[PDB]
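Colleague: PDB entry and its sequence, pasted below:
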Amino acid sequence: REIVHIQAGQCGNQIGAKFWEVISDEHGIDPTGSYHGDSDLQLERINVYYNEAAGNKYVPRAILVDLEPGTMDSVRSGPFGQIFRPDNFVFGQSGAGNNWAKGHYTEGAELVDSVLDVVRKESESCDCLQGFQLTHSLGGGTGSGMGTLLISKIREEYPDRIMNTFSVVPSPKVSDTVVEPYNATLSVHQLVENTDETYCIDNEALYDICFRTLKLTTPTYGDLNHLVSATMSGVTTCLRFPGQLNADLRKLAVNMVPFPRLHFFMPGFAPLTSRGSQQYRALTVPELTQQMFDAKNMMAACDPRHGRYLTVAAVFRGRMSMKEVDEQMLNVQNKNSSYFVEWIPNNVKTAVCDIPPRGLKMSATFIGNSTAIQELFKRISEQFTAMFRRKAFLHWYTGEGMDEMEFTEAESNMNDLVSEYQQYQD
Amino acid sequence: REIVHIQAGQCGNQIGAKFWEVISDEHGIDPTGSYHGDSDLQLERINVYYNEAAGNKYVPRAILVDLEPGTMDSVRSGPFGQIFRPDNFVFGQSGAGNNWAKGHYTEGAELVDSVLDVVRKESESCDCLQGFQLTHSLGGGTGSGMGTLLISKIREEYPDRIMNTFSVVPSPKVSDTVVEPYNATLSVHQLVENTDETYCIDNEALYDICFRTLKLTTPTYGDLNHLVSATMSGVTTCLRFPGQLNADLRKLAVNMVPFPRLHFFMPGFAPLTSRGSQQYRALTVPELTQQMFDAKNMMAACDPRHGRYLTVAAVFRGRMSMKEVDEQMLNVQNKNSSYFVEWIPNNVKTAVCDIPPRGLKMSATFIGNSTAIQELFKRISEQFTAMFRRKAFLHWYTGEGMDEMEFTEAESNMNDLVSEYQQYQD
Amino acid sequence: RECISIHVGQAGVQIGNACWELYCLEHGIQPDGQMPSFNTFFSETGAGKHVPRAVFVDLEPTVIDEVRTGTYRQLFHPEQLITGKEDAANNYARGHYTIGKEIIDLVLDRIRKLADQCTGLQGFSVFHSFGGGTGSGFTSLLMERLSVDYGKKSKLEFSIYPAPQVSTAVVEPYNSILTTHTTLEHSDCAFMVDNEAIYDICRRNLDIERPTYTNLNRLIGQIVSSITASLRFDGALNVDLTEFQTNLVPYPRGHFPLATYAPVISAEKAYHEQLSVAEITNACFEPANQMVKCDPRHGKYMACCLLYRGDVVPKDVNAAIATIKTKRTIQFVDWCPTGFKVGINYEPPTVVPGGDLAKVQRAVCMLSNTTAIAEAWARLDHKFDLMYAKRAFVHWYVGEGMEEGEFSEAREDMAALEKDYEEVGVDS
Amino acid sequence: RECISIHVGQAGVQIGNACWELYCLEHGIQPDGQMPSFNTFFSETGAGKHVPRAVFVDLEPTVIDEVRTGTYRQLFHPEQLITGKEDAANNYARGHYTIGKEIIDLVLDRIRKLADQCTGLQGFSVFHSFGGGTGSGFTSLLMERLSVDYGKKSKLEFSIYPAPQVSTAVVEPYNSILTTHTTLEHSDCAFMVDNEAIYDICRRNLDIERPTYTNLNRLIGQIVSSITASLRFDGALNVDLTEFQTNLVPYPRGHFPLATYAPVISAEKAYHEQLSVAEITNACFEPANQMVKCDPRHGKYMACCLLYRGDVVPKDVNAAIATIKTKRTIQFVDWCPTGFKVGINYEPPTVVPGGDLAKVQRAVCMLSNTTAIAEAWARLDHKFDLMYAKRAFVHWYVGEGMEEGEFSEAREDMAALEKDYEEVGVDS
Ligand SMILES: Nc1nc2c(ncn2[C@@H]2O[C@H](COP(=O)(O)OP(=O)(O)OP(=O)(O)O)[C@@H](O)[C@H]2O)c(=O)[nH]1
Ligand SMILES: Nc1nc2c(ncn2[C@@H]2O[C@H](COP(=O)(O)OP(=O)(O)OP(=O)(O)O)[C@@H](O)[C@H]2O)c(=O)[nH]1
Ligand SMILES: Nc1nc2c(ncn2[C@@H]2O[C@H](COP(=O)(O)OP(=O)(O)O)[C@@H](O)[C@H]2O)c(=O)[nH]1
Ligand SMILES: Nc1nc2c(ncn2[C@@H]2O[C@H](COP(=O)(O)OP(=O)(O)O)[C@@H](O)[C@H]2O)c(=O)[nH]1
Ligand SMILES: [Mg+2]
Ligand SMILES: [Mg+2]
């Protein structure tokens, strides 16, 4: 029944800053820590993410990890940085510098032991864990590097808990680190087989949505990470709150994974349009389904109609009829039958929660597992190869002891995921 | 039913300064000597540590001993130095200089006769003694040197009373006297077989706790000795006050000593965390047990999970359920079964008092007897040997007549305790 | 999270003067150290005075005396101000060996003292010039020791690139060739700028036909602050110095990223013109704002790092990057994908009161490693060769114990370096 | 809890002048003895005047007359001020024997009078110099008697270590060799400092190129006060003088702990710089603050004692110790574990009004016994040897009754002492 969340890397720490904000919004918990809500449900299932400390203080069940105090400090300095206890800030001193080898292989490795100890302390604080969630970037040093290391140890300690992670996937246009594909390649090599599932977030796609449908001209990462948190929070609240359908994360995982190795997801979100049009929108189930199916409302820079859909999850929040939902999902399946895989009859699955997100009447979360995902892997693998041949920045990595044959195997493994998507693309 | 306490050495005198302060806090006794409390219990069992002198004055049943008036004076100068009667200040003139030989063997020996006379006067003032307690440093001249001498004579006079002592054990990093291990070695040689039990306090560990969990950056010895007094006072109050379990010091001693020679203890204490987190803490029995088991909350620089646990005492203060306590202790036994010794079924014993320490809702004192203790002895013995071969400062000691063969036997005896811990480590 | 600045030689110190002045301007630090308010660079006293963690070395009293008599004399700790009595004479042979080697032990002990004051030494950076006696001579001597003691710390060097047309030091080629030999192998990264190129910037973007070094160093200070003050301040993407090294150095040789900075605009030029992030970055890929006289279009890019100040939205940056990747003529080496480091600080760009540059609301610094650098080495190759073939001025080094073979060797090391650039240019 | 200071010779007395001045500064004692407020050193009169329990001996009227005409002439009791008419002439033969032996009985009776004034004599300490006639001659004479009468009391000696380069006394080797012979065997511990080393401290840490003895003795006074005033004052760890002996003397030979003191900082150097306990103790293990010209890195440590003033938290001390034990290059002799005495007084460090040292909030004194001391003896060995081989100046001793065999013997005793250091150096 409970979940532990660990954030890492500057990305992960800033995403989590919005995530937790939202969760407390959902439950009426004040930036200082106490509960000042107003709904029974708000406290009722609070356990999944909060420990109530003496005084009616709620402690977010999460660990903030970094290798630079300053980022942690900036998190702590805002509202909701006060709700986190000092003991959840685990950090070192001297960066990682966006270096996998430092993060995973060497220096960051050193910190992980202290992180894990706190993890253990929290695992004991829970009655019964459902699972763990981690937030991070695929091409980052602590985000992926150190984060991955941690994941391999947590999974080891808890094989029976859900291990998932959401991660920022290097967008085709904006890479920061020259070896960002290298770090990503290494994380695939480690993560894929050490996780139950991973979500693919593309900032470029997010920037398109924010202007494309939301028509906004000023977003920052906090605004885009709001959208990210909308999908993350969407998933777990249902599990928390009363609904109609089947509201268990593990069951979601079961329904979305047809094969042990292909567990990559494309998140999307509805409704998600500018205020101008809000006066011209109608709120129906087909309306949400139109926004959910549309590739432009995906947060991943993929194109599901290019690939084939293996699995689709449609999560609904708010009062909807069962009939309408059933029929519209069927219609989707029918009309987009050319994209769905024939091996899975009725490949579109649903989940329904009766609690709407604060401020909306209804909402829906799109989760997909298509073959289209392989295109991201292909882009990375290719870029990787070029760098691999030149050893760009690999003296930094090999200087910290990372061996090229390990990287070679990592490359293969990327290619293996692509070939397996092809194996089920048919 | 009553206890007499004797403090010696600069350490012992300053620790006692905090100890007695706390005891009077517990009972509402003013720094000047009169009772101004407000609870029935506060006076009810006051007898164990105070004599009520005419005028509703309470005299702490303790003797302050030193060989330098100035330390005694500084004690006397503060609050609660006025509560002690002049007759409890027994001191000479000219130090000891942290020299065992002077303390025990020669000069300090001279003072002991006057100390003992006062001891006798107090033993008569009591109705029925339960025992005696002494506070001192293991590597100090009057602390251990003279103090030990006194102990051997008190034990002689009262075989049937509890003889225990708490002592500062030379920390690996901060020794003051070059021959501090020598003094300690000699005190083992004398103390172990002339005491019922001794507690092992490491200042280094204490300094770690104060910053590690308490997050403090200014402590002094008075702040660390506060923590020491918390454990000392924790033990005797239960004996004093109404509880649920079995509140007798001798019974504690019986339950914690499986073998005539292995009576060394590792004190620990819960709850013991910074104020920040106090808004994020929950107060439950498992919470206290988590803090109690954790080696970092031990006041001894040992590691109980390195050694094996022979005996564990868990003392609780405040209202707790019996069930919860029983279950959590069982759980501890279960989960840490790899550290417990198989010869003792249900090696974790409890004691429960219903009176919380002033200002807290609940608290717990951890007392353990592990094999890990032997590591401290090993460190000392080794250091000793090196010095022994060189006779460092032994001209001071041999100059006062201490013979090297006595020291040789002392070395053996240290090694004997280690071998016996090995004999029961298995 | 701390670092040390090292100022060797006039160039190093006078640039440093501008740098520390700017750091004072960044926080409102008074000349006496009183700051009412960046402890990564500064060490605090109980008076609230902060000491810049830096070492000033000059083997001639004069420049340090200039510091000692200026306003910042109260700021600097007397032990930070280290001076000898005699000079290197433009000559590595004395700077690295005969003279500077005598005082260096003191210097190192002051450094070590500061290293002990550091709690989390991230690293350090050294300011000097490629041609001078202490500027390059002594400098490499220092690296020889610092790379032992601080082997795992950042070793970033900043040096003035010898102007191809004007140089006051006739044996500068010889000095620089010797430094190559010894710095390549010890340092992690060396950055450089060309005062001649800067003059062109001053006259074209600032519209100033009278630049002095005190102007020139303000501009340098801008660039440095972007990577020193603002990288410790808050942003979206807070990039560290170690991260810089980890994102800028691709090979174990050195590498030499060159600076480019846009905006460099006079107050009047700022009027009537609106810069965006993208427009500023467009300027960053123009030869015209290249701080070294070396043609960006000649070579191929290997590395590139863009660091942002003030009003920068990643959204805009992303679009800008897309266009520089695809619109420009920027050729790049195969080895590299375009992973250009983007540092994004919210910390606004700062301007020196009484300076030449206009107040800007956003700013971008660019570091880049281009293959055109081999041409710079080619320049040195021939200049060295000419002198060395005639053996002009050789007695000024030989008399201090230098070997002719050594000089040949150093040239050859440079040739090898050029060859490695050749290698990189070959795409693969 | 009382003690006696003994000042023999100019060096002893002039240092004493600084010492008693400092004790007056410690409590606000007026020149006439009026104190408005440390009775371990002082004896009280019904007027509230306190008399410093000390004896001043000079065989030449002049220095004592200097006392007698200064401000502290009212402080000292006329009987404490003992003077002869003629000097020892730099010569043990007269100082210990021919001349000083005549007055010593008086001197002893004044000492005994004060010993009778003491109620709990803890002990005493003697201030002198290793080279002079009364400074070392008379001094050892005194020890010969004091060790009988006060055999169980502290016998700590403090002496000026003969500078290897400058000495005004041509037969100083001879004097010092004779003292070795007689002091080793009688005294408990002798401490020493080198005025040359001190000059280096004055010029490097105080920035003073004009030290006089009146400066030099202020610095000595600082060190002495740390162990004399502050050890009687309150602290965390109140360490006595007997405790000092019991914690500093490892063998029955003598031993000779050397002084080191950090902070020694000019007012300007104190600005802009924050010392911690740990930083001060770092300075204490630097050769640079070593008060004797003898290299700490040469020998091995046997003993070490650190005494703390003012704002010192044991917590910090512990951390500092950990690093000096493990970080430093301090080699130590097997015999010893690192039980370094930590004295921790709350009593703040004090500064002489009009002095050179900066007001500090905390301070650390270090005593240390290193094997490098044998080199100091080696210096004496050859200096003695040279003179003795030629028999230069020998008639100035022979005419007073000295024996040549005796001189050889004394050298041999020194050689034995060196050999024992050799022994200690051999680890075992
Ligand atoms: N940007 C800039 N360049 C400078 C400055 N001062 C000197 N330079 C350049 O650096 C080189 C001069 O080095 P010098 O001043 O001769 O020597 P040094 O390196 O200080 O050391 P010595 O030769 O021993 O005096 C020339 O190429 C100058 O153009 C300055 O303040 N700013
Ligand atoms: N630190 C310090 N050293 C001093 C002082 N006065 C003298 N000395 C040193 O002590 C030695 C001088 O001893 P003298 O003054 O010649 O003789 P004395 O020991 O007073 O006795 P006589 O030879 O009989 O006059 C030299 O090594 C001086 O450098 C002083 O005030 N302070
Ligand atoms: N959505 C999103 N992406 C971020 C944020 N911060 C950094 N990123 C992305 O993360 C990558 C850089 O890795 P970074 O987080 O700096 O690595 P690390 O900090 O060394 O672990 C780039 O692709 C950025 O676009 C953020 O707050 N939100
Ligand atoms: N916890 C603690 N330890 C102390 C105190 N005072 C001295 N110590 C320790 O005691 C040892 C020194 O012995 P000391 O008490 O001076 O001996 P004595 O005074 O001659 O009997 C060192 O290991 C100190 O850390 C104190 O007030 N509290
Ligand atoms: Mg110059
Ligand atoms: Mg004289």
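Modeller: Nice, I can see it. Numbering: from 1, shown residues only, chains lettered A, B, ... in the order given. Ligands and ions are numbered 1, 2, ... in the order given.
Colleague: phi, psi for the nearest residue to residue A:5 once chain neighbours are set aside please.
Modeller: In this structure, residue A:5 finds its nearest non-sequential neighbour in residue A:62, 4.0 Å apart by CB to CB, 6 or more residues apart in numbering or on different chains. C-beta here means a position set from N, CA and C on the backbone, and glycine is covered the same way. When read as degrees, to the nearest 10, the backbone of residue A:62 gives phi -160, psi 150.
Colleague: residue A:62: neighbour count?
Modeller: The tally of other residues near residue A:62 (other CB atoms under 10 Å in any protein chain shown) stands at 24.
Colleague: need the three-state assignment for residue A:210.
Modeller: Of the three states, residue A:210 takes helix under DSSP: H, G, I helix; E, B strand; the rest coil.
Colleague: who are the contact partners of it?
Modeller: Taking CB atoms under 8 Å, 6 or more residues apart in numbering or on different chains, we find residue A:210 in contact with A:216, A:219, A:223-224, A:227, C:315.
Colleague: for the residue nearest to residue A:5, give me its contacts.
Modeller: Listed by CB under 8 Å, 6+ apart, the contact partners of residue A:62 are A:4-7, A:16, A:20, A:49, A:84, A:88.
Colleague: most neighbours among those, which one?
Modeller: Most surrounded of the contacts of residue A:62: other CB under 10 Å gives residue A:16, at 29 neighbours.
Colleague: identify the residue spatially nearest to that residue, adjacent ones excluded.
Modeller: Per CB to CB, 6+ apart, closest to residue A:16 is residue A:7, 3.7 Å.
Colleague: so which residues of the chain form strands?
Modeller: Using chain A here. All strands of chain A, identified by DSSP state E, fall at A:2-8, A:50-53, A:57-60, A:62-66, A:89-91, A:129-137, A:162-168, A:197-201, A:264-270, A:309-317, A:348-353, A:363-370.
Colleague: um, chain C though
Modeller: Under DSSP E, chain C gives strands at C:2-8, C:42-44, C:50-52, C:54-58, C:81-83, C:121-129, C:154-161, C:189-194, C:235-237, C:258-262, C:301-310, C:341-345, C:362-370.
Colleague: can you say which of those is nearest to chain B?
Modeller: Shortest separation from chain B across these is recorded for strand C:42-44, at 15.4 Å, computed as CB to the nearest CB.
Colleague: what comes up buried for the closest one?
Modeller: Neighbour-count burial for strand C:42-44, counted by 16 or more other CB atoms under 10 Å in any protein chain shown, picks out C:42-43.
Colleague: close to chain D, is it?
Modeller: Yes. Using CB under 8 Å from any CB of the partner chain, strand C:42-44 comes into contact with chain D via C:43-44.
Colleague: who's in contact with that strand?
Modeller: C:35, C:50-53, C:117, D:273-274.
Colleague: go again with 10 Å.
Modeller: Contact partners of strand C:42-44, identified using CB atoms under 10 Å, 6 or more residues apart in numbering or on different chains, comprise C:2, C:20, C:23, C:27, C:29, C:33, C:35, C:49-54, C:75, C:77, C:114, C:117-118, D:272-274.
Colleague: where exactly do the helices run in the stretch 201-350 of chain C?
Modeller: C:213-226, C:241-248, C:267-270, C:277-284, C:314-326 (DSSP state H, counting those that start in this stretch).
Colleague: now do the stretch 101-250 of chain A
Modeller: Secondary structure of the stretch 101-250 of chain A, counting by DSSP H, counting those that start in this stretch: helices at A:107-125, A:147-157, A:180-191, A:203-212, A:221-240, A:249-256.
Colleague: list the buried residues in the last one.
Modeller: Just to be clear, that refers to helix A:249-256. Quick answer for helix A:249-256 (16+ other CB under 10 Å): A:249, A:252-253, A:255-256.
Colleague: and the angle for that helix with strand A:348-353?
Modeller: In terms of direction (axes from the mean of the first three to the mean of the last three CA atoms, to 10 degrees), helix A:249-256 departs from strand A:348-353 by 160 degrees.
Colleague: by contact count, what packs against helix A:249-256?
Modeller: Applying 3 or more CB pairs under 10 Å, 6 or more residues apart in numbering or on different chains; DSSP states H and E, we find helix A:249-256 packed against strand A:129-137, strand A:162-168, strand A:197-201, helix A:221-240, strand A:309-317, strand A:348-353, strand A:363-370.
Colleague: quick check: chain neighbours aside, which residue is closest to residue C:221?
Modeller: Closest residue in space to residue C:221, ignoring its immediate chain neighbours: residue C:18 at 4.0 Å, by CB to CB, 6+ apart.
Colleague: could you tell me which residues make contact with the one you found?
Modeller: Going by CB under 10 Å, 6+ apart, residue C:18 touches C:213-222, C:224-225, C:352, C:355.
Colleague: re the thing from before, residue B:32 is nearest to which of the helices and strands packed on helix A:249-256?
Modeller: Of all the helices and strands packed on helix A:249-256, strand A:129-137 sits nearest to residue B:32, with 56.2 Å by CB to CB.
Colleague: what are the pairing partners of that closest one, and which direction each?
Modeller: Next to strand A:129-137 in the sheet, as set by DSSP bridges, lie strand A:2-8 (parallel), strand A:162-168 (parallel).
Colleague: residues contacting residue 337?
Modeller: You didn't pick a chain, so chain A it is. Here residue A:337 is in contact with A:309, A:347 (criterion: CB under 10 Å, 6+ apart).
Colleague: I was thinking of chain C, sorry if that wasn't clear
Modeller: By CB under 10 Å, 6+ apart, the neighbours of residue C:337 are A:175, A:178-182, A:382-384, A:386-387, A:392, C:325.
Colleague: which two from the residues you listed end up farthest apart in space?
Modeller: Greatest spatial distance among the contacts of residue C:337 (CB to CB): A:182 and C:325, at 18.9 Å.
Colleague: which of those two has more neighbours?
Modeller: Counted by other CB under 10 Å, residue A:182 and residue C:325 do not tie: residue A:182 has more neighbours, with 29 against 15.
Colleague: residues contacting the residue nearest the centre of chain C?
Modeller: Centroid-nearest residue in chain C, with CA atoms, centre = their mean: residue C:158, separated by 2.5 Å. Contact partners of residue C:158, counting by CB under 10 Å, 6+ apart, are C:5-6, C:11-12, C:15, C:19, C:125-129, C:189-193, C:220, C:223-224, C:227, C:259.
Colleague: next, count neighbours for whichever residue of the stretch 251-400 of chain C sits closest to ligand 4.
Modeller: Residue nearest to ligand 4 within the stretch 251-400 of chain C: residue C:347 (47.0 Å; CB to the nearest ligand atom). When neighbours are defined as other CB under 10 Å, residue C:347 has 20 of them.
Colleague: what's the separation between it and residue B:359?
Modeller: As judged by CB to CB, to the nearest Å, residue C:347 and residue B:359 stand 45 Å apart.
Colleague: related to what we said a few turns ago, save the strands of chain A as a markdown table, and put in distance to residue B:130 too.
Modeller: Below are the strands of chain A laid out as a markdown table (distance: least, CB to CB, whole Å):
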| stretch | distance to residue B:130 |
| --- | --- |
| strand A:2-8 | 48 |
| strand A:50-53 | 40 |
| strand A:57-60 | 42 |
| strand A:62-66 | 48 |
| strand A:89-91 | 47 |
| strand A:129-137 | 48 |
| strand A:162-168 | 56 |
| strand A:197-201 | 64 |
| strand A:264-270 | 69 |
| strand A:309-317 | 67 |
| strand A:348-353 | 64 |
| strand A:363-370 | 68 |
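Colleague: what does the stretch 101-250 of chain C have sitting close to ligand 3?
Modeller: Within the stretch 101-250 of chain C, the positions near ligand 3 by CB under 6 Å from any ligand atom are residue C:237.
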